[PDB]
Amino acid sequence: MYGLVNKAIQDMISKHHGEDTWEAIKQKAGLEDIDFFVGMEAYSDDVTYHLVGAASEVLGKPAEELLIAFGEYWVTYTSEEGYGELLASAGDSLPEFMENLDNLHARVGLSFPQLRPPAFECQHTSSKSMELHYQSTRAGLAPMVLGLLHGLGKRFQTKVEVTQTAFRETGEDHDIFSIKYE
């Protein structure tokens, strides 16, 4: 994933737990070698998994719980590290943001085109709910999509209730969520 992602992880860990524990996690992930992540440089995904795996053990916290907190962190982080305009442009509400999300990734994709953005389809079931289809080149990131959704809820002061109803991990085509909101 682009370096922005690993910079975001390094940021929330060292914000919440301390620079000491971050370098610990970094050591454990076998990533003591590299000095600082480069935001616009593409990395191989393992660097992210190993950081999340390594953070799980150092913090004695389940990985999915870390992916959840990271998903939520990402929404605020990106607003403040050069992407608040791009965020604001994806829209005014949770349903609209999700509809624009493929378009937003298309924009980001142009900037540096080694981006492999996930696909999000919405089937609105009412004025207050939807079924979200999350299609990814990457495995494991459903818990992060949950956090992302609660991040957007915070962003729009919208209460969100999300339950995962299909599971890529099992061999199903793709993750699916049912969502209810304010």
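Start at 1 with the first residue shown and count on from there. Between two forms, the rigid core is defined as the largest C-alpha subset superposing within 1.5 Å.
Undergrad: Rigid core superposed, root mean square over structures and residues, which stretch has C-alphas farther from this form in 4 other deposited structures of this protein, 110-118 or 64-72?
TA: Of 110-118 and 64-72, the stretch deviating more in 4 other deposited structures of this protein is 110-118.
Undergrad: Looking at the entry, does 103-111 or 78-86 show the higher mean C-alpha B-factor?
TA: The stretch with the larger mean CA B-factor is 103-111.
Undergrad: Return whichever of 122-130 and 31-39 has the greater mean Cα B factor according to the PDB record.
TA: Of 31-39 and 122-130, the stretch with the higher C-alpha B-factor average is 31-39.
Undergrad: Based on the PDB record, which member of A55, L146, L152, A139 exhibits the highest Cα temperature factor?
TA: So the option with the highest C-alpha B-factor is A55.
Undergrad: Highest CA temperature factor in the entry: which of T170, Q10, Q164, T158?
TA: Comparing C-alpha B-factors across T170, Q10, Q164, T158, the maximum falls on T170.
Undergrad: Please place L59 in the lowest, middle or highest third of its chain according to the CA B-factor in the PDB entry.
TA: Its C-alpha B-factor belongs to the highest third of this chain's values.
Undergrad: By the record's CA B-factor, is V47 among the lowest, middle or highest third of residues in the chain?
TA: Highest third of the chain for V47's C-alpha B-factor.
Undergrad: Among all modelled residues of this chain, ranked by Cα B factor, put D92 in the bottom, middle or top third, i.e. lowest, middle or highest.
TA: Its C-alpha B-factor belongs to the highest third of this chain's values.
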